[PDB]
Structures are given as structure tokens and as C-alpha cells.
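# Observations on the model geometry
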Amino acid sequence: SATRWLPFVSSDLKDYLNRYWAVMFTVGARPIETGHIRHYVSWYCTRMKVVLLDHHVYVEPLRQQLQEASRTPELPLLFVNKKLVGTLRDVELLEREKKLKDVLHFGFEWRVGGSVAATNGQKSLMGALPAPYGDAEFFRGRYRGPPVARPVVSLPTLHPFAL
Amino acid sequence: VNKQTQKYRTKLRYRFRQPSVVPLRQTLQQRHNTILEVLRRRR
Amino acid sequence: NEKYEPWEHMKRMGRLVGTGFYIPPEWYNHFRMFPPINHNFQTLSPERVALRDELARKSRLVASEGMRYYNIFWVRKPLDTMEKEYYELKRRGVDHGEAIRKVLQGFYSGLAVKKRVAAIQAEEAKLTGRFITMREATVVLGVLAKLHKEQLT
Amino acid sequence: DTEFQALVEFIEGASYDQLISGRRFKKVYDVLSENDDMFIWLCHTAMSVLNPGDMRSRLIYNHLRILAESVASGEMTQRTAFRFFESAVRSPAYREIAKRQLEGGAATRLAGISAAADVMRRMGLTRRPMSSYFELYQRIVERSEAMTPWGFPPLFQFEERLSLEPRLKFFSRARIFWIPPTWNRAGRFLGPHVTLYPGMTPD
């Protein structure tokens, strides 16, 4: 409007975090791990800035600064609310623990103990109160739970990157 | 503008366009999960 | 929508109470004494940087392409000697480029003296055959190990 | 006690017709959830993240305390109280106090919600005299307003619009939200009379 359109570029990692809400720094040789984070972030309707490090003018400054924020040299890396989310093992962990909604929308991770993935029916306490004197193992007539099933053989997957 | 600048302007308008993000498939996915939970819990 | 606002609701409650035929609740007078919260009405010195840039750019060419000497040891003492000689010449205030010329001439003479004493010590260590540097010891501990790996296969 | 009376009626009905029906469980779900303790816990967990030494936080604390006492007295309805609460929460003074309490590290919000439970016990803001401590345990051990770093439930109605704009991807950029009637095929029962919400799917 008042200014002509211009592509944003920076030699420092701090200017990318202070500008966008969700920044991702990818490579062109890794299309599967990039597209999985594209599916997760767009599912929660979050605006995202994808920075392809192939054909960039500050590759060597940005590859050094991404090594300091995240100790692993693995790309892509998700950055939400000036914090480090991590690689696909960190994004899928928040999706499994149902934490990816409040990370992408409000910029914080739940520090609540206990897992919300293994729930049945309504979510209540259901024996989450602390037992007196411990010793939950010594009562062998306890409620073991419903019987679960396990596959005898592994079925062939649809795609190697289906998951 | 002339014909060339008008064609390039409408090409840039169709190329860089902001769509209407209406969360419809997530609504239907939440409804599908709720219907599956009702069918699992109650006969 | 501003038609549902705590200030508008307080104004509506106040003009409802001001008739005299409506009895105020406790929160009306308790909000007159505690109103709702509103959103409105609220290193290195740079000359030394340029000097070290010029001196590093002019010393890198005399050390790399000029002298062809890559095993130079303890460069910080001749570089700080270049700095202190530059400040000594800037005390009297002679020139700018000529001070750099004399500083680079002194640095070249110091590099030549260090190269000559390194060559003299290396020549006297190689002539007598009694003294062995640590790099030669590392290289014989490596090559005897490689000869033993040849013996192992 | 009307909740124990409704539980007695539920037990008598489930012993009468010898099955767990839909009418009786809906009745006791309506009886056991008539309490306004949710909004009182909202106001008190907003009061917990404040500063007892700052005068601005004292003003916010007394405002939210008066709001919770007016809700518990029944003199103020729930919708105007929610408007008062979201106007007190969206202010930059309260958000700056919450940011300072986050930047502290030895935060006083745990003693805040503990004193809040003691106040709700003493002033009669609950249904049972010892239910506020179980509600405190429920706020602590579960995902709730007490584990949010700013002290309100994390919905987008309690967060500012200028922070809502760059994060979320809504209908159009650069109130009650509706589907416009250009979508003749949106879902099976979706239409223009079906409202949508920015940060949640209530379906």
C-alpha cells in the first residue's frame, strides 16, 4: 500500500523470530519432513513462514545460528513464539500428546503431568489420587484393565512415508 | 496501463491471492470423532 | 461491538438507579469505587575497528602472499606492536598513510627476524642430529604404528 | 441438599427400570453442573497471578473479587460478568503483570490459588464447604486455567485482537462469526445458520 512490496531477508536468526509467528528453515533435498510440518501447522490454521535454505544469500550465517538454538544439525526446524519447537520427532510428540494446538496458537507447552493420548470415554481422574503408603504392585487382585490386542505379523505399509 | 502491464497485473493478482480460510474439514473431522465416540460408548 | 461494554453497562445501571425506583445491587456501588480497567490512554572502539581492519588487510597480504610463511607463531605480539607503534606515531601526529608504511616496515622486519631465528634453530637442530621436535616425534609414532599395521596384515 | 436428592432419585430410578437411561443421567448432569464455581475459579486464578504490592494489581484484584462476589450472590448474570472479566483480562496492565510473574521464576501463583480456595471456603462461594480444595486439585493436576502462563483459560476470546491477527488464519485479513451463504455444499448439516469460532471447534 504505502510501501512497494519487498522480499524479507536477514543474516541473523533473531530477525526471523521477531517478525513471524511460525518460522521453519528447510532444505530442498528433504521434501518429506518439510511437508509433514506443512500438514500439521495448516491443520490448526496457523500462519507459517517457510524459509528454503537452498539458494539463500546467508546460508553460512544461518547454518551456524541454527546449530546454537538447536543442538542437532537436522532440518527442518520449527520456531514458534521465539522458541525452539524442534524436528519431526518433536512436532509429532506434541501432536501425540495433544499439545500442538496450544503451541501453535498461543506459544506455550503444557507442563501438566500425565498423558492425554490414552483416554477412554470422558477424561476424569479415575484413580489418579495418591494411594496411601504406595505399594500398588503388591495387590495382585487389582483391576488390570480391559484386554488389549496385538498383531502377530506386521502388515505392509501403504507408503514408506505414510505413517 | 497498456495491455502488457494489465496482463501482468492480473497474472500477479491470480498468482498471489489470499484465500478465505474457512475451517470446514476440521469441523467435519471433529463431528466424525464425536459420532465415533457416541457409537463406541452407547448402544 | 462496543454496545456491550462494562463502561456502557455501568452507565446504564447508573441511569437506571438515578430514577429512584430501582434499587442498586452491591456491585454497582462497589464498581463506582473500583472501576473496570480500560485499554485506552496507554566491544571495541570504532576507530580502533577501522584501524585493525586496515592493519589486518595489509598484514594478511604481506604474511600470506608476500613472505609465503604460514607457520608463524604468536602473531598477537607483533600485531599489538604495530598498534602501539601506530599510537606512538599518532602522539606526534605525523601522517596517516606514512605511519602505516613505517608500521608495516617494522612488522616486515620483525617477521624476517622471526623467520631467521626459526630457520637458525631448525638448522642447528638438524645438523647435530641430537634434538627432535614434537611434530617429528608425533610423525614417527604414527608411521611406526602404520608399519605395525602393515605387520598385522 | 438438592444434589444428593437428585442422586437419590437417580438411584431409585435406576433400581426401578433396571437400566441406565438417558433421562436420569441428563437430569443429574444438569443438577451437578448448576454451580457457578467455574467463573469464580476463573476470577480467582486471574487474581492469583497478580502482585500484592503493586497498587494497579490491587485495583485489578479488588475489581475481580467484587466481580466474583457479585456472581456468587446472583445479582449479576453470567454474560455481563464474562464481558467484565474479558475486559479486565485483555488490559495491558494485567498482561504486563503476568509477564513479570513469568519472568520472576519464584512465582506466587500457587499460594495465590491456595488462598483463593481458602477464600472460597470461608466466604461460602462453593456448594460444599470442602469442595474448593478438590476443585483446586482439579485445576492443578489437569489442563486448566491454572496451568496457563497468564492466568486465564487459553481461548482466543480472552486474548487481544492485534495478537489474534498475525497468528491465526481466519476468513479474511487486510464478534459473532458466520458462514456466508455462497457455500451451498459445506458439510452435511452445515449452513449459514451454523456459527464458526476462531480457535476452537465446539462440534
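To be clear, the structure that these remarks concern was listed above.
What counts, and where the lines are drawn
Residues numbered from 1 in each chain as written, not as in the entry; some residues may be left out. Chains lettered and ligands numbered in written order. Part of a larger assembly, values for the part shown. Heavy atoms only, no water. Residues with missing side-chain atoms left out of burial classes, pairs and counts. Helix = DSSP H or I, 4+ residues; strand = E, 2+ residues; numbered from the N terminus. Rg over C-alpha atoms; globule rule 2.2 N^0.38 Å. Buried < 20%, exposed > 50% of the residue type's maximum accessible area, 1.4 Å probe, protein only. Contact = heavy atoms within 4.5 Å. Areas by Shrake-Rupley, 256 points an atom, 1.4 Å probe, with all protein chains shown as cover. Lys, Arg positive; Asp, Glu negative; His and termini not counted. Charge placed at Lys NZ, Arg CZ, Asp CG, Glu CD. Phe/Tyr/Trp six-rings, centres within 6.5 Å; stacked < 30°, edge-to-face > 60°. Patch = residues over 30% accessible without salt bridge, like charges linked within 9 Å, V, L, I, M, F, W, Y side chains within 5 Å. Salt bridge = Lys/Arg side-chain N within 4 Å of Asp/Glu carboxyl O.

## A short note on the overall build of chain A
Summing up its helical and strand segments, chain A has five helices and four strands in all. Put simply, chain A runs from its N terminus to its C terminus through helices and strands in the order α-β-α-β-α-β-β-α-α. Compactness check: chain A gives a C-alpha radius of gyration of 22 Å against a globular reference of 15 Å for 163 residues, more than 25% above the reference. When the backbone C-alpha atoms are referred to their principal axes, chain A occupies close to 70 × 40 × 35 Å. Per-residue burial over chain A gives 31% buried out of 163 residues. Taking all contacts inside chain A whose residues are at least 6 apart in sequence as the whole, residues at least 24 apart take part in 62%. A total of about 11900 Å² of accessible surface is found on chain A, and carbon and sulfur atoms cover 55% of it. Distance from the positive charge centre (22 side chains) to the negative charge centre (15 side chains) of chain A: 5 Å.

## Comments concerning the packing of aromatic side chains
In this description, an aromatic ring pair is defined by two values, namely the gap between the centres and the angle between the planes. Summed over all chains, the structure comprises 18 aromatic pairs over all chains. Taking 5.5 Å as the distance between ring centres and 75° as the angle between the ring planes, the aromatic pair formed by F85 of chain D and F158 of chain D counts as edge-to-face. Highlighted residues: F85 of chain D in helix α5 (residues 78–89) and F158 of chain D in the loop between α8 (131–141) and α9 (161–167), separated in sequence by 73 residues. A relative accessible area of 0% places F85 of chain D in the buried class. Site record: aromatic cluster; members linked through ring pairs are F8, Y16, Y20, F25 and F79 of chain A.

## Some thoughts on a nonpolar patch on the surface
Residues and elements named next belong to chain C. On the surface, a cluster of nonpolar side chains totalling about 560 Å² of accessible area is made up of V139, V140, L141, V143, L144 and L147. Its location among the elements puts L147 in helix α6 (residues 134–152). Take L147: its relative accessible area is 45%, and that puts it in the partly exposed class.

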